[PDB]
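Here's a solo chain for you in structure tokens, the form solved without the ligand.
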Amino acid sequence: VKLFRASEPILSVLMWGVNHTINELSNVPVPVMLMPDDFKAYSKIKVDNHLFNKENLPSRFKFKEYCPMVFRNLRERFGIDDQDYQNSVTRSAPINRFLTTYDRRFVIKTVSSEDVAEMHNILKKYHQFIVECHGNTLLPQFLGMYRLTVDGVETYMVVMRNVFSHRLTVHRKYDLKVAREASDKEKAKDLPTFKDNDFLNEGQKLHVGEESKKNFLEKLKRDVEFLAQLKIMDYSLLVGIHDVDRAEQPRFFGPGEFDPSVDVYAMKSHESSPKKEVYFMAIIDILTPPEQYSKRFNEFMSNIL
């Protein structure tokens, strides 16, 4: 029995709605191809119960899913099974607006109306790019877009795949994009989002060796050249470090052990490295709309190995 019991009611609706839309979709055949109307399409349901099923859901709420055929195909192209997607959203309420599924596999971010407009303006070219690189990309991986209405207030959310491991703790984090640095305020939280400058003054490097590095650089170049060819900028590269040794301090998951089909942004450290670490790296914040930025970004990221 799925009760959709959640930390907040909007989360109960998110769970009900992803459950509902994924079931609905399972009755819609998979097309030979997507058509242009699939990029202008939407699913909308309005719920007015009365003295019924009110234990965990509101009696009245609205759920809208944008481009359901497109995002279903994207999910497939990212290797994500539709029932797995549904289970991570509905088996248990998401947690900590910014959320993750109970199982830490997927991320749910509240977004603006404008960001939705921007996702639409870029969706056809983004889908075409996803297919051209066979799902192997450092860009955000959008798995669904939804509009929730509960108490006459609309809330937009985008579900995408996590950059970090769903099982390996990320010990330090950096956000790379002038000069930007972390506040005495930011620096005082548990795991701070340190910006570029503080990572430079710290002097950490990531040794992945030539073989890994070459193909990684290939993929980063492809992504930023695409984002430039769409005149998008102010995007960042998010990078997280996991120290196996620190993690140390009946089937047992091993130390620094992970599944690359699941933690798709992860890389093991090279043999010639100071500490044994695992790294997660991917591009973020790509919905706020120059080409020159592509150049500075790629050169910046280039000098770490």
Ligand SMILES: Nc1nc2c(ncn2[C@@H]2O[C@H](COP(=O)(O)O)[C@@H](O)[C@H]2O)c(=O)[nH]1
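Note that residue numbering begins at 1 and tracks the sequence as displayed.
A.B. asks: Unmodelled stretch from the deposited sequence between residue 177 and residue 178, which bin: none, 1 to 3, 4 to 9, 10 or more?
C.D. replies: The entry has a short gap there, with 1 to 3 residues left out between residue 177 and residue 178.
A.B. asks: Unmodelled residues of the deposited sequence between residue 96 and residue 97: none, 1 to 3, 4 to 9, or 10 or more?
C.D. replies: Unresolved stretch here: 4 to 9 residues.
A.B. asks: Mean Cα B factor from the PDB record: higher for 199-207, or higher for 221-229?
C.D. replies: Result of the comparison: 199-207.
A.B. asks: Out of 34-42 and 238-246, which stretch has the higher average CA B-factor listed in the record?
C.D. replies: For C-alpha atoms only, the mean B-factor is higher in 238-246.
A.B. asks: In terms of CA temperature factor as recorded, identify the highest of 212, 90, 100, 149.
C.D. replies: Largest recorded C-alpha B-factor: 212.
A.B. asks: Between 66, 63, 258, 252, which one tops the list for Cα B-factor in this entry?
C.D. replies: Highest C-alpha B-factor among the listed options: 252.
A.B. asks: Relative to the other modelled residues in the chain, which third contains the C-alpha temperature factor of residue 24: lowest, middle or highest?
C.D. replies: Lowest third, going by the recorded CA B-factors of the chain.
A.B. asks: Where does residue 268 sit by CA temperature factor within its chain: lowest, middle or highest third?
C.D. replies: For residue 268, whose C-alpha B-factor we compare with every modelled residue in the chain, the answer is the middle third.
A.B. asks: Which third of the chain holds residue 17 when residues are ordered by C-alpha B factor: lowest, middle or highest?
C.D. replies: According to the entry, residue 17 has a C-alpha B-factor in the chain's lowest third.
A.B. asks: According to the PDB entry, is the CA B factor of residue 165 in the bottom, middle or top third of its chain, that is, lowest, middle or highest?
C.D. replies: Middle third of the chain for residue 165's C-alpha B-factor.
A.B. asks: Going by the recorded CA B-factors, say which third of the chain residue 133 sits in, lowest, middle or highest.
C.D. replies: It falls in the middle third of the chain.
From this point on, the text means the form solved in complex with the ligand, which you will not see here.
A.B. asks: Say the ligand is put on the shown chain the way it sits in the deposited bound form, by superposing the C-alphas near its site; is the site then open or blocked (3+ ligand atoms within 2.4 Å of backbone or C-beta)?
C.D. replies: Output flag = open.
A.B. asks: Partner absent here, but in the deposited bound form, which of 70-78, 217-225, 155-163, 85-93 has residues with a heavy atom within 4.5 Å of the ligand?
C.D. replies: That would be 155-163.
A.B. asks: In the deposited bound form, which of the listed residues (127, 109, 207, 171) lies with a heavy atom within 4.5 Å of the ligand?
C.D. replies: Selected residue: 109.
A.B. asks: Counting any non-hydrogen atom inside 4.5 Å, which residue from 238, 57, 278, 264 sits next to the ligand in the deposited bound form?
C.D. replies: Answer to the contact question: 238.
A.B. asks: Taking the ligand as it sits in the deposited bound form, is residue 11 in contact with it (heavy atom to heavy atom, 4.5 Å or less)?
C.D. replies: Heavy-atom contact with the ligand at 4.5 Å: absent for residue 11.
A.B. asks: How about residue 193 - does it come within 4.5 Å of the ligand in the deposited bound form, if we only consider non-hydrogen atoms?
C.D. replies: Yes, residue 193 sits close enough to the ligand in the deposited bound form that at least one of its heavy atoms falls within 4.5 Å.
A.B. asks: Taking the shortest heavy atom distance, is residue 25 within 4.5 Å of the ligand in the deposited bound form?
C.D. replies: No, residue 25 stays farther than 4.5 Å from the ligand in the deposited bound form.
A.B. asks: So in the deposited bound form, does any heavy atom of residue 291 sit within 4.5 Å of the ligand?
C.D. replies: Although the ligand is absent here, residue 291 would stay clear of it in the deposited bound form, with no heavy atoms inside 4.5 Å.
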